[PDB]
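Numbered from 1 within each chain, the chains take letters A, B, ... in sequence-line order. Just so you know, these numbers use all the heavy atoms, side chains as well, and skip hydrogens, waters and symmetry mates. Order of listing sets the numbers, starting from 1, for every ligand and every atom in it.
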Amino acid sequence: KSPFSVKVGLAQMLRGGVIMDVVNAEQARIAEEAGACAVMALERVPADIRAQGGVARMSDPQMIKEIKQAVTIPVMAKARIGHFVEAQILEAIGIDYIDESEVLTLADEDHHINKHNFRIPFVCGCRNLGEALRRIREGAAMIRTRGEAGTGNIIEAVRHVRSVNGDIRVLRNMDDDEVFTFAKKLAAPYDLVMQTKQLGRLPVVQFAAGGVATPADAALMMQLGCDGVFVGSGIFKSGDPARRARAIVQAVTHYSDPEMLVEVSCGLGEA
Amino acid sequence: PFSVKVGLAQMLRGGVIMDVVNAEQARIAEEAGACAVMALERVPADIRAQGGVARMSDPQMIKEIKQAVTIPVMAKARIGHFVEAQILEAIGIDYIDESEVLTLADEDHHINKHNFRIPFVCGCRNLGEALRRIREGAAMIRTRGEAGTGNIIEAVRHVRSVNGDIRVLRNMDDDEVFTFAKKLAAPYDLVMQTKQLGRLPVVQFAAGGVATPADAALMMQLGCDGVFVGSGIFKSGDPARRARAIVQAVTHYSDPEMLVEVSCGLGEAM
Amino acid sequence: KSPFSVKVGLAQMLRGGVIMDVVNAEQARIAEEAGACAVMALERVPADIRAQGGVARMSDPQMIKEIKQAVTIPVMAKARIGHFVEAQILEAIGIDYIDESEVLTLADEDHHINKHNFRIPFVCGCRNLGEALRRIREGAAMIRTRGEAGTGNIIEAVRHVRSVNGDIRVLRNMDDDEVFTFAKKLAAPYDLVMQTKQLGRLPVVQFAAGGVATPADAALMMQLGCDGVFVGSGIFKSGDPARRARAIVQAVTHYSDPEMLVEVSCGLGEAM
Amino acid sequence: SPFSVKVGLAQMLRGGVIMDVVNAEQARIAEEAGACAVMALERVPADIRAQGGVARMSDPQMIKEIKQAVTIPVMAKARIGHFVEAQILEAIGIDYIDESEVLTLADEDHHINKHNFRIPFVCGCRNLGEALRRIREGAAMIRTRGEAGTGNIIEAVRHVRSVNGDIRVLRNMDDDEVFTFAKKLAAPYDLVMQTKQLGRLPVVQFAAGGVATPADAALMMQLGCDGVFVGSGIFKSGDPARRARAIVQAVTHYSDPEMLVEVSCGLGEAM
Amino acid sequence: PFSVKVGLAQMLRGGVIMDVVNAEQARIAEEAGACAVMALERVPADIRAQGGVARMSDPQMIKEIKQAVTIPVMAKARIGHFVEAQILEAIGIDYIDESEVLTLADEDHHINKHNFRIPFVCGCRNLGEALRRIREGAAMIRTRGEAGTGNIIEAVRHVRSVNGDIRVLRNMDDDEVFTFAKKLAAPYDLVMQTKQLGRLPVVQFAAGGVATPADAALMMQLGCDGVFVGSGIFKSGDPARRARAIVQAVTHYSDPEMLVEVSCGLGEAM
Ligand SMILES: *C[C@H](N)C(=O)/C=C/OP(=O)(O)O
Ligand SMILES: *C[C@H](N)C(=O)/C=C/OP(=O)(O)O
Ligand SMILES: *C[C@H](N)C(=O)/C=C/OP(=O)(O)O
Ligand SMILES: *C[C@H](N)C(=O)/C=C/OP(=O)(O)O
Ligand SMILES: *C[C@H](N)C(=O)/C=C/OP(=O)(O)O
């Protein structure tokens with residue numbers, strides 16, 4: 001079994017879960033108590049990063065350690081795209097996942113982190129199938145839609161989810177002789193394209209992220225065929241986080257049960 | 001059956017649907033003689049004024065409005081957000097408006113409304129839009145107009161566009177209908193059904209900017225089956241009497257004497 | 001049960017066949033003896049139309065009757081696009097199929113013939129799935145690629161075959177909720193799009209046409225998923241049409257047998 | 001055959017000249033002058049350019065006559081994308097198929113799926129990305145497209161230099177930057193890495209297009225090609241029998257200017 | 001001799017150069033282990049924030065900083081302002097940075113640095129720029145980056161551009177180097193010297209936006225000989241410990257465990 005396939009298997013254990021952005025140990029315990037499958041440690045949530053500006057970097061290791069010691073579920077953390085030394089530091093803290101994240105300030109305009117040089121799994125974002133496969137070829141063990149972080153607006157995540165899944169479906173019936181050109185037009189490595197055609201799905205876990213604000217948003221992503229969701233700003237920037245976090249966890253667990261979605265949405269407060 | 005939902009929506013023909021935000025408003029609308037109410041948390045004029053993401057309303061406040069009236073209760077879902085619509089159906093309301101006044105959720109696809117048991121309303125700007133919404137499962141169509149402005153001009157453009165093309169279609173050479181359907185980017189079979197009926201195959205309401213009884217009666221005389229009014233009532237001085245005035249204007253849209261009576265001293269519009 | 005279903009069913013008999021353009025009863029006899037499934041009677045073959053210019057119309061009923069009397073296989077004839085009276089005339093002659101053909105001079109730039117008003121089946125051309133479905137809804141019982149007629153160059157027919165079958169394969173697997181927008185973007189009738197999605201193929205017989213010059217060209221169209229091929233100029237604008245006609249019939253029959261394809265290509269004389 | 005077995009067959013053409021021929025008479029001259037293979041076609045590229053018309057696979061009959069006339073390997077052209085023309089050629093029993101841009105393009109968007117065949121293919125290219133895409137489709141040998149039928153080596157020199165230049169760029173490139181380089185070449189990443197590891201093209205690489213003189217042929221070899229194609233330059237000149245030997249000797253002794261002089265002296269009218 | 005100045009600058013390989021504004025800061029920088037200090041009156045982030053014309057610093061304040069430390073002292077002169085550089089040399093400092101962070105003084109020409117006894121630093125964005133600066137007499141090169149922002153992205157682009165072209169040059173066919181020098185608009189002889197050495201013929205530091213120890217170590221792993229830090233230290237909470245942290249990160253740029261230690265609880269960056 002390859003070290004990459006082992007990393008792919010680790011991320012498969014989050015299948016069906018919700019990953020919540022947290023900024024302190026208290027928020028972390030709330031997220032775990034509600035049933036988050038993992039927490040994303042950061043010092044400014046995406047809606048704050050947008051509203052404030054300035055350079056957004058890797059979080060201080062000290063605060064990430066506090067979150068790591070406050071929960072038993074997996075802890076992720078963001079590194080800037082291309083900042084392989086920030087990833088080296090996060091890996092040395094002993095967290096479980098690195099998100100090479102477009103919500104932080106781009107560090108390398110032309111290249112991402114070479115993720116195969118690391119032991120621990122990476123998440124990367126994408127807007128289309130070609131981007132996803134390029135990130136995977138670089139070593140991402142898990143893929144999320146980029147969406148539009150910090151807006152509470154689901155429209156871009158829906159577009160990205162549909163783009164990726166729609167091109168996957170196209171790929172399944174496609175004449176094999178046409179797959180070479182299709183790989184060229186996606187600027188994607190052909191072997192990952194054929195692997196995707198063999199599986200009928202993305203070769204790694206695919207979560208939705210960016211703008212998921214409500215239980216209905218979360219279940220919509222799942223019915224569009226994601227394996228889980230990230231929620232960052234939509235929980236703690238609301239008036240009632242500890243109850244809304246549970247509602248979104250419930251909505252991902254029972255995403256095809258409208259009676260359940262009604263119950264968890266009722267009197268949930270201002271989003 | 002789609003034809004059952006289409007027939008259900010015919011009960012609204014001749015009525016006014018009013019946007020409401022609480023049980024107090026919902027009763028006023030029912031008292032004035034509204035044929036249905038549209039539950040939401042933010043009226044369209046406040047959505048345009050404040051901005052932000054506008055979504056489906058809290059199930060709780062919709063339940064309150066539902067328990068407070070006997071007339072049918074509608075609610076809005078974002079375009080393409082079929083799970084918001086699943087929740088609305090599970091609340092037990094009567095109609096879902098897949099609404100352009102809320103923030104778009106899917107830029108490329110609307111809800112597959114045939115997957116639902118309860119009827120949908122959709123907006124349109126022209127006959128091709130209306131027909132595509134209907135083929136998707138809309139049981140009722142409203143003009144898009146320009147919600148929140150109190151300005152009737154876009155609703156007039158959309159009404160005239162839909163009815164004008166239906167009137168053109170009615171007399172068109174049969175052989176030319178294939179090309180007409182292509183140019184409308186509308187399904188040919190619904191186009192011929194429209195040609196044979198000589199009107200839209202579902203109930204067609206006016207919406208967007210209806211501010212006065214005269215606006216409401218104008219939409220009726222242009223050939224609509226009814227009108228929506230959201231901001232025009234509850235963004236004005238006296239909504240309780242302005243609501244009844246619009247109901248009267250729709251019921252008596254060809255009686256100028258009646259329109260004068262309900263317009264006189266009506267106060268101040270939005 | 002429906003009369004359109006009957007016409008669609010009738011054209012099933014051409015599956016696996018070659019349809020040859022002919023300009024006289026002698027060419028028709030050669031086409032039938034070589035194994036054509038049908039002949040297409042016209043006064044000028046597409047390569048001559050292309051080279052000479054002038055207005056190209058329906059052929060004289062007299063020469064169409066002569067071809068109809070010379071063979072027992074079905075006889076087709078071309079009408080100009082939109083010329084429903086040329087089609088009335090051809091139907092009244094008693095031929096078996098009308099091809100509303102882009103190879104003749106366009107008669108109506110905005111409308112095709114309303115083919116459901118007719119008793120006999122029509123063939124129409126297309127370049128993509130939207131065109132195909134629009135022709136079908138107008139009443140075409142059978143579809144062919146447009147290709148590029150009269151050139152002996154298959155590049156456009158390959159593009160059209162791959163475009164139609166490629167979109168059909170995309171449609172087959174598509175999320176149902178997305179098919180409405182797909183139909184909008186094809187400018188195609190939604191119900192025919194959904195029918196195409198359920199079958200996994202075009203609801204009617206689908207032939208390749210335009211530029212098929214060699215046995216290898218014809219077998220290539222069959223391997224790309226066509227039901228048969230039209231050949232006009234490739235056969236009679238060449239050195240030995242009687243032998244080349246045989247070879248293209250055999251190539252379509254044996255399209256997946258390279259040893260056979262070698263046999264019928266070998267020493268076949270100059271192509272167009 | 002396995003891909004490596006096909007790559008091995010083309011390797012034994014190293015250091016040779018492949019000559020276009022139109023009859024058994026031209027075929028024997030080519031073999032007797034020391035050609036390493038002959039390319040069977042019914043019109044040389046200089047005549048296809050001049051006369052126009054659709055250019056297709058040659059008649060199996062004439063290909064067979066050439067195949068019997070010589071003992072060296074026999075190649076033939078198929079139009080790009082015309083996989084049935086390639087099925088016929090393979091069934092005739094020749095040794096290589098050239099999926100050739102000098103014939104009329106049959107499929108504008110896709111090349112033949114060359115892995116579906118037993119016998120090796122040659123494909124043309126103008127740059128490294130093109131070469132690697134053809135290889136991934138199954139070509140076992142690459143030639144520069146050059147500019148066929150003009151007797152002008154300028155395009156062939158550009159293509160040789162572009163391919164070899166980008167190969168040289170690969171050798172010292174940072175490993176992390178190779179993913180973006182593969183994207184920019186629109187080429188599959190693993191063949192880019194293979195090219196990086198070999199320091200050369202993963203298949204035999206010949207020059208073709210406008211080779212008219214011994215000096216042109218030795219020039220292509222000195223720029224680092226494994227061999228050359230010559231079509232028009234030989235049998236569209238004054239003495240082809242002697243010019244053919246002179247070009248064979250120039251490729252065998254491409255670094256001996258004294259020999260290059262001897263075979264150029266009094267060689268007659270080039271095309 | 002140019003080669004004497006080039007050799008002098010090699011003593012800085014492996015170090016951090018810190019911008020300072022007084023003797024207090026200068027000592028802190030020396031205490032933390034800086035290899036040199038860059039005296040100026042306004043740090044780059046304040047130049048971008050306040051505007052105005054930015055010139056050579058007062059000789060007096062440079063003298064104070066010079067008398068306060070033993071490590072080499074650099075100072076900035078405006079690009080093309082060879083008389084500002086004459087004054088800096090006459091003060092007796094160790095290095096002049098012909099600096100793009102100060103207001104340009106000559107749009108078309110840099111200083112003829114070979115006319116000077118003491119070594120110069122110049123910025124660059126690509127290999128052609130570096131080589132032209134070196135031919136003019138620069139004994140040391142830094143990336144231009146984007147000074148004052150705390151953002152590493154332009155420095156990464158410039159480092160990768162310089163090193164990537166050097167790596168391309170190393171393996172290039174000799175015959176193609178003439179055209180390569182033309183396209184770089186760089187002197188051919190320095191290009192071949194670079195090709196033969198396989199690296200820049202002078203010390204190459206990173207500068208512009210280095211805010212954290214991780215940024216500093218990233219520049220080193222990309223192949224720089226050292227780093228400049230101006231605003232990143234003395235526009236933050238605790239500069240005395242952040243300064244030592246960056247020194248440690250440069251000295252131990254391949255030890256992730258060390259980078260964690262010096263980054264932990266480091267406070268708040270600019
Ligand atoms: C990377 C970060 N955890 C993320 O994915 C943010 C999501 O968008 P948001 O709108 O903040 O939930
Ligand atoms: C969807 C909503 N019920 C509606 O129709 C909006 C009407 O526009 P307004 O200007 O608020 O009357
Ligand atoms: C309508 C005509 N018989 C046809 O189908 C086209 C023939 O084109 P060609 O390229 O001559 O085979
Ligand atoms: C495919 C053909 N034999 C070839 O490789 C190119 C020959 O071109 P020319 O310019 O005639 O030597
Ligand atoms: C010329 C000055 N010493 C310098 O290199 C500026 C660096 O940029 P900063 O963002 O202030 O570290």
Side-chain angles (χ1 to χ4, degrees), chain A residues 19-21 40 42 45-50 76 78 99 101-104 123 125 144-154 157 207-213 229-235, chain C residues 19-21 40 42 45-47 49-50 76 78 99 101-104 123 125 144-154 157 207-213 229-235 237 272, chain E residues 17-19 38 40 43-45 47-48 74 76 97 99-102 121 123 142-151 155 205-211 227-233 235 270:
Chain A
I19 300 164
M20 307 187 187
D21 291 3
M40 173 75 67
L42 44 69
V45 303
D48 289 328
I49 294 177
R50 270 177 66 112
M76 315 193 171
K78 299 182 169 261
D99 179 41
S101 175
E102 87 284 348
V103 314
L104 302 179
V123 192
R144 56 176 174 74
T145 61
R146 175 194 294 242
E148 191 178 37
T151 60
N153 185 349
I154 213 62
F207 275 32
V212 184
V229 299
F230 289 75
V231 181
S233 310
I235 283 169
Chain C
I19 299 167
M20 297 175 185
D21 294 0
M40 170 80 68
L42 34 52
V45 114
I49 298 183
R50 198 189 191 89
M76 313 190 172
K78 299 178 165 274
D99 184 347
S101 181
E102 78 286 2
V103 172
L104 302 180
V123 185
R144 55 162 172 78
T145 60
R146 183 192 284 241
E148 187 181 40
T151 57
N153 188 348
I154 56 179
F207 271 39
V212 181
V229 328
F230 288 76
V231 181
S233 317
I235 282 162
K237 299 274 288 181
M272 73 168 288
Chain E
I17 303 160
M18 299 178 192
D19 295 0
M38 173 76 64
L40 33 63
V43 244
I47 302 184
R48 280 174 76 108
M74 318 192 163
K76 294 179 170 264
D97 184 354
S99 178
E100 79 293 352
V101 315
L102 300 182
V121 193
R142 49 171 177 78
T143 61
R144 171 194 286 253
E146 185 181 32
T149 57
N151 185 348
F205 271 40
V210 184
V227 311
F228 287 77
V229 179
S231 322
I233 289 179
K235 283 267 85 67
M270 54 173 295

Evaluate side-chain contact (heavy atoms from CB on, under 4.5 Å) for A:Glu148 paired with A:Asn153, printing each intermediate quantity in order. CA-CA 7 Å; A:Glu148 191 178 37; A:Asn153 185 349; 4.3 Å; yes
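Shortest contact from atom 12 (O) of ligand 1 to any protein heavy atom: A:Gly232 N, 2.7 Å. Of the protein's heavy atoms, A:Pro46 CG, 3.6 Å lies nearest to atom 6 (C) of ligand 1. The protein non-hydrogen atom at the shortest distance from atom 5 (O) of ligand 1 is A:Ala209 CB, 3.6 Å. Protein heavy atom nearest atom 10 (O) of ligand 1, with residue, atom name and distance: A:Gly211 N, 2.9 Å. Regarding atom 1 (C) of ligand 1, its nearest protein heavy-atom neighbour is A:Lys78 NZ, 1.5 Å.
At distances below 3.5 Å, not a single donor-acceptor pair connects side-chain atoms of C:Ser101 with backbone N or O atoms of C:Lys78. Listed for the C:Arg50 side chain is a donor-acceptor partner under 3.5 Å among the backbone atoms of C:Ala149.
In terms of polar-atom proximity, defined here as any N/O pair under 3.5 Å, C:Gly234 makes no such contact with ligand 3.
Within the 4.0 Å heavy-atom shell around ligand 3 one does not find C:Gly147. Note on ligand 5: E:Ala45 sits outside its first shell, no heavy atom being nearer than 4.0 Å. Between A:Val231 and ligand 1 there is a heavy-atom distance shorter than 4.0 Å. At least one heavy atom of A:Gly210 sits under 4.0 Å from some atom of ligand 1.
Only the side chain of E:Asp19 comes within contact range of ligand 5, with a heavy atom under 4.0 Å; no backbone atom does. If you look at E:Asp97 next to ligand 5, the close heavy atoms, those under 4.0 Å, all belong to the side chain. For C:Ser233, heavy-atom contacts with ligand 3 shorter than 4.0 Å involve the backbone as well as the side chain. At a heavy-atom distance under 4.0 Å, atoms from both the backbone and the side chain of A:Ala149 approach ligand 1.
Heavy-atom proximity to A:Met40, at under 4.0 Å, picks out these atoms of ligand 1: 3 (N). Close approach of ligand 3 to C:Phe230 (heavy-atom distance below 4.0 Å) involves ligand atoms 5 (O). Close contacts between ligand 3 and C:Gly150 involve ligand atoms 9 (P), 10 (O), 11 (O) [criterion: under 4.0 Å to a heavy atom]. Within ligand 3, the atoms closer than 4.0 Å to a non-hydrogen atom of C:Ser101 are 1 (C), numbered from 1 in the order shown.
In this structure, E:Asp19 and E:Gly230 approach most closely via the heavy-atom pair OD2-CA, 3.2 Å. Shortest non-hydrogen contact noted between A:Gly210 and A:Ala157 is O-CB, 3.6 Å. Considering every non-hydrogen atom in both C:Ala47 and C:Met272, the closest pair reads CB-CE, 4.1 Å.
Just one residue in the list A:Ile19, A:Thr145, A:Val123, A:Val212 forms a side chain to side chain contact (heavy atoms under 4.5 Å, CB included) with A:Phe207, and that residue is A:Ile19.
Expressed to the nearest 0.5 Å, how far CE of A:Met76 lies from CZ of A:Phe230 amounts to 5.0 Å. A distance of 7.5 Å separates CG of C:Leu104 from CG of C:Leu42, quoted to the nearest 0.5 Å.
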